[PDB]
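What follows is a single chain, given as C-alpha cells, in the form deposited in one PDB entry.
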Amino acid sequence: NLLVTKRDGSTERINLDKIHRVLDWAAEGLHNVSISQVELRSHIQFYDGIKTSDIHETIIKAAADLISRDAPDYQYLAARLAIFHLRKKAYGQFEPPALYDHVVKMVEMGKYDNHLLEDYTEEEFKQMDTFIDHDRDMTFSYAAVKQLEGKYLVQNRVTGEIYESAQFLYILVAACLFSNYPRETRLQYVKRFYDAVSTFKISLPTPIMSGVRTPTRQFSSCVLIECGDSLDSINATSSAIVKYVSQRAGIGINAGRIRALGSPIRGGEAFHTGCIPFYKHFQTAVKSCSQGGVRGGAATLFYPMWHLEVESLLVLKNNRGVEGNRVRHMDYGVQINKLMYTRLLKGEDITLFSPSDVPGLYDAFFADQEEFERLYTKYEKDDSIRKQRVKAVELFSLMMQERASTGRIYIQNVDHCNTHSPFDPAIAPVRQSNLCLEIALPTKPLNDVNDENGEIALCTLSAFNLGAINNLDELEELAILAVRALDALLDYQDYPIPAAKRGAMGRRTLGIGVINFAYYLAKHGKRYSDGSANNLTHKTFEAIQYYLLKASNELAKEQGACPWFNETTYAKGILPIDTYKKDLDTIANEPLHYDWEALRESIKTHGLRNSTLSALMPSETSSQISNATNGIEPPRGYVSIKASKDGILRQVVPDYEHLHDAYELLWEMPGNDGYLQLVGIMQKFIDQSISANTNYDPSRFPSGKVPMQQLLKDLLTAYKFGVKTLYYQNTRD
C-alpha cells in the first residue's frame, strides 16, 4: 500500500520487482552475489513517499557494504548501480545523448572548451560517437566510480550536479590531445587512445582526467626548482613556489647551494644568519595557498650530506624542539654519493663544508665523482678553509634515526643519478628530485621570477597498467599512444613561469611509469621477497623502456627531436643498458630480447622527441580507476578500507578469487632485500628514478625496535644495486 516518489516528482504504488529488475541487471556475469540479501537490508529503510533516488542510494550502500574477500564481485554490483544513478543525474535517463549534442550543450554551459567545436566538425563528432562503448562503464569497480564522481567527472561544485559520464570523459580527453594531428591520422589516433584508456591499458593522472576538455590549461602537478645562493634567487624561488602551489602542484626545492650560518657576505660587510630562516620562508610559500594542515602545499627540500649545517637540517621534522630550529611541514631529501658511503664503511670521518667555501666541490658532487674526491681531500687538508668533522657512523645514524621516526627524510644517491642518466652531467646535471622522488631532471636557478635564463623542470606523467596487458608486445602500441598523447599535452598546457616553459619546450621530458605490478607478479606466480621475480622484472622493464624509446624515436622522425636533445647521453649513442649498476648482473641473468643496437643507430640518426620517457611514480588515486594495485608497491591487505565523505569505501585486490594465495602482502615479507633488488633491476632501464619505499615491522625484531644496523644494511643494499632514491619509510604499528 506504500507509495514512492519518482524522479519527476510524481507518485506511484511501490513495486519491489522494479528494484529486483535493476539488481538483476547489475548482477549479470557476477559470482557469489545475492540479490535477496541486498533487498533485505534495503527494504527495512523504506517509508511512505520515499524518493526513488533515495531507494537507489540505499541499495548501492547495501551492495557496497557486502564487498568482501568471500564475495568480491559486490564491488561491481555496487559500481554498476552507482553508474546507473550517475546516468540519471546527468542525462535524465540511462542512455547517454549523442556526443555532438552533449558537447554543444556543455560548451554553452561553459564546462567544455569551445575549441572542441572549432577543431572537430559535427560529422567528426558523429564518427567519434561510434568509437564509444558506454557499456564499458559496467567494467568499473565501486572505488573507481567513487573517484570518478568525486574527482574526475565534470560537475557543478556548488550543487554537486554531475554533467557527464566516464566514456565521454575518455573520448574527449583523446579528442583534445590529438586535436592538432592531421586529418589523415587524427581520428585513428583518437579511437586507439580512447580504447587504451577506457580498457585501462593506460592510466592517466588526476589533473588530466579532470581537466583535459575543460577551459583550464593547468596540468602541471610536478615542479622542480633550484635555488641560487643569493637574495634575488631566494625571492625568485619563493615567488615561483607561490605561483605553482596555487595551481596545486607538488614542489621539489634544491636549497643546497645556500651558504652556511656564519658565512661572510660581500667579503664581510655582513654575515649569513643561516639556511633555516630561508627554509621557513620557503615553507610559508608552499603553505601560502592552504587553509589548515590537512593537505594543501607539499614540498621536498634537498641538500647535500656534507653541508656545514647538516646536523641542524636533519632534525627539522621531529616534534620535540623549539619553533626556531624546526621546519616541520616540508619533507627533506639528503644527497649522498660514493665517498660518503666509503667513509661509513671504513669507519672514518666526514668533513662538513659550506658550498661557498669549497670552489667546484658542489658541482663535482653531482657531475664528476673523481674530481669530487680530489677536491674533497684537497679541502680537508687545507686549514684555512672553514670546516667541521663528524663520525660517518654518527652522521648516517642521525639521518636514519630521523628518517625512521618521521618517515619523511629521504635519500638521493646523486652519483647514481648522473652516471646512469639520460643527461650529460657536464652540461645538464641532475641535482635534485621532486616531491615523491621519482623525477630526476636538470635545473638552473633564477635571478628573478620571470628570468629567461633559469630552468624549472616539469614532467608530464602517465602509467601502463601491467595487469591489463596480455603480452609485453602490446607495449609497442601503448607506448606510441602514451608518448604521443603526452608530447601533445606539452604544447597544450600553459606555463605560468618562463623558466618552466623553457625546460618543457627544450627537453620535452616525460615520466611514464606502471601500476598493478603486484597483481602482475601474482599472475605469473612470482613474489617480491624471494628473488623469483628478478628475471620477469628484467624482461618486463626492458620492453617498457625499449618501446617507449622506439615510440619517441619515431615521433622524432616525424616531428623532430627536442631542441636540447644534444644535451642527452642518448645523443652520443649511449643507452641505459650501457651505464647500469653492474652489480645487477649478480641478481638477474635475463637476456635482452630486443634489438637495442638497431635502436641505438636510429636514435643517433633521428634523435628522441623526449629527453626522458620513464619514471616510476606512486599512484593511489589514479590506480583506483583500474582497480589496480598501487604502483610497484605490494598491497597491505586483500581488502582496503578507506573512510570518506560518502562513507566507507571497500576495494578488493584484482582477481582475489583466483590469486589469494599468490599475492604477497606487505607485512608478509621478511625484509626489504627482495623488493630493493627488484627496484634496482627496474632502475636499469628507467630514465629517471623510482619512488621506492622501505618497510619495517618492529614485531619481527628482538626487543620490538628496528636496530640501526638493519637500517644501514638496507641503505647500503639499495646503493649497491644502483637505486637512485629512497622515498617513504613505513613502520607498522
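Rigid core here is just the name for the largest C-alpha set that superposes within 1.5 Å across the two forms. From 1 onward, residues are counted along the sequence shown.
Inset, instruction - Taking the mean of the C-alpha B-factors per stretch from the entry, tell me the winner out of 68-76 and 139-147. - result: According to the entry, 68-76 carries the higher average C-alpha B-factor.
Legend entry - Greater mean Cα temperature factor according to the PDB record, 518-526 or 644-652: The stretch with the larger average C-alpha B-factor is 644-652.
Inset, instruction - Sort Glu371, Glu476, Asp119, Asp133 by C-alpha B-factor from the entry and give me just the highest. - result: Of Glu371, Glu476, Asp119, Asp133, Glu371 has the highest C-alpha B-factor.
Inset, instruction - By the entry's C-alpha temperature factors, tell me which of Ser433, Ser221, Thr509, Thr159 sits highest. - result: When the deposited C-alpha B-factors of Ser433, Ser221, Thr509, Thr159 are compared, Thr159 is largest.
Inset, instruction - Quick one: classify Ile350 as lowest, middle or highest third of the chain based on its Cα B-factor. - result: Highest third - that is where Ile350 ends up once the chain's C-alpha B-factors are sorted.
Inset, instruction - Pull the Cα B-factor of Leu665 out of the PDB entry and bin it into the chain's lowest, middle or highest third. - result: Middle third.
Legend entry - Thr612 by Cα B-factor - lowest, middle or highest third of the modelled chain: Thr612: CA B-factor falls in the lowest third of its chain.
Legend entry - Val38 by Cα B-factor - lowest, middle or highest third of the modelled chain: As the PDB entry reports it, the C-alpha B-factor of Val38 lands in the highest third of its chain.
Inset, instruction - Just say lowest, middle or highest third for the CA B-factor of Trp306 relative to the other modelled residues in its chain. - result: Middle third by C-alpha B-factor.
We do not show the form deposited in another entry, though everything after this point is about it.
Inset, instruction - Tell which of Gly262, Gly637, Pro563, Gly293, after superposing on the rigid core, has its C-alpha displaced by 2 Å or more between the shown form and the other one, please. - result: The one that shifts is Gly293.
Inset, instruction - Take the rigid core as the frame of reference and indicate whether the C-alpha of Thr11 shifts by 2 Å or more between the shown form and the other one. - result: Yes; that C-alpha moves by at least 2 Å between the shown form and the other one.
Inset, instruction - Based on a C-alpha change of 3 angstroms or more, tell me if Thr237 and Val294 lie closer or farther in the other form than in the shown form. - result: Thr237 and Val294 sit closer together in the other form.
Legend entry - Inter-Cα distance between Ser640 and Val294 in the other form, nearer or further [3 Å or more]: Compared with this form, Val294 and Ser640 lie farther apart in the other form.
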